[PDB]
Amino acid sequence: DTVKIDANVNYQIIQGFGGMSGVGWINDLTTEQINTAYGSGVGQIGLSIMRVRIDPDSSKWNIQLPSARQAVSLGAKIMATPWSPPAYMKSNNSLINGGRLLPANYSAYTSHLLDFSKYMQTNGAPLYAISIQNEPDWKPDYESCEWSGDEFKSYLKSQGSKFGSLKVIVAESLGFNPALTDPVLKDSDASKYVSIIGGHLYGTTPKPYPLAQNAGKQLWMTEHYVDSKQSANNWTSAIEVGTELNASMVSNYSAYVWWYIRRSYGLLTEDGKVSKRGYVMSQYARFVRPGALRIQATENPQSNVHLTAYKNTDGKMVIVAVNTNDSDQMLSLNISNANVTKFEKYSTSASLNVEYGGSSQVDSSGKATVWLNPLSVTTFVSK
């Protein structure tokens, strides 16, 4: 059915796609694995964001440097998340099962975070962004710390100015619950120090956040994974990554950051090879590059077809479509306000990994017909 595209109507800017560096909790990435994930060529995923954990013990920070340095060398931006302040700053004197950061320690905690930023920077892996807390609404039996949105608000009013040009992220809610961040965004004295509203998708689905958008903050999805009991090469499950990426983009997110890059259910499997989930991610990350603008395009032209469209800074139009029908699907593109004469097709499916599927001509009235293979994630790139 018909898809109407207007390259003169813009939504969010895309900062990129990322994953978690897990060294300290799991084995480090190798240099080869980072090059595969952070390169953007054939066979590579195209990530450009790496997330790192801030250990409350600063004697352990050094183990983060090899992977963070390699990523920066390859053009990536680093964001850092703390799971807990040091135990001795919290109300329960423990790293685990929550506990509150004592207000008397707000300046000390800021100094801890800034120390981490200076260490990284001095060692040649400068941070782009820093989060105040991981999942303040979750109190598991590992590093965690509980906060309310009013506590974030008080914290930021007193400490926020100290972060300088570092981009501050709040609140990394488990389920992207606005309750944690609305108090911050409704207070201009707190809001002025926040650059990014970040959240996770556990137990939820992507949704727009109008208050964050109207406040001019970017929205980043800073951690998720799908059904970890599945092999990353199970196609039935991997296509769900495509669904979630599409929903995230339609929800005006500027960044999407997976959990552990290398894992049995990850973007790379434990043999260091790209997985089906990684190829799905690459249908977005290799082609929708940092700086791209999402543009108007019929999102659900027909049953079980979802798509988004982008203009890259180099002038290329890109269309990324998810087809969860077990049948070939035709799209009738109608493009306005663009200078496109052909699209190249690249698909991931049960049997293809980002494989070229031929070219389609766009007539001089901006019309083209393209086809989606069954149960596939397909990217069209203008030439």
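Numbering starts at 1 and runs along the sequence shown.
Per the entry, higher mean C-alpha B factor between 3-11 and 372-380
Mean CA B-factor is higher for 3-11.
Do the CA atoms of 236-244 or those of 274-282 have the higher mean B-factor in the entry?
Mean B over CA atoms: larger for 236-244.
According to the Cα B-factor stored in this entry, which of the following is highest: 195, 133, 165, 94?
Comparing C-alpha B-factors across 195, 133, 165, 94, the top value belongs to 165.
In this PDB entry, which of 339, 27, 33, 44 has the top CA B-factor?
If I rank 339, 27, 33, 44 by C-alpha B-factor, first place goes to 339.
When the deposited Cα B-factors of this chain's modelled residues are ordered and cut into thirds, is residue 308 in the lowest, the middle or the highest one?
CA B-factor rank for residue 308: middle third.
What third of the chain does residue 90 rank in for C-alpha temperature factor, lowest, middle or highest?
Middle third - that is where residue 90 ends up once the chain's C-alpha B-factors are sorted.
Residue 346, C-alpha B-factor rank within chain (lowest, middle or highest third):
It belongs to the middle third of the chain when residues are ordered by C-alpha B-factor.
Would the CA B-factor of residue 323 place it in the lowest, middle or highest third of its chain?
Answer is middle: the recorded C-alpha B-factor places it there.
Cα B factor band for residue 289 (lowest, middle or highest third within the chain):
CA B-factor rank for residue 289: middle third.
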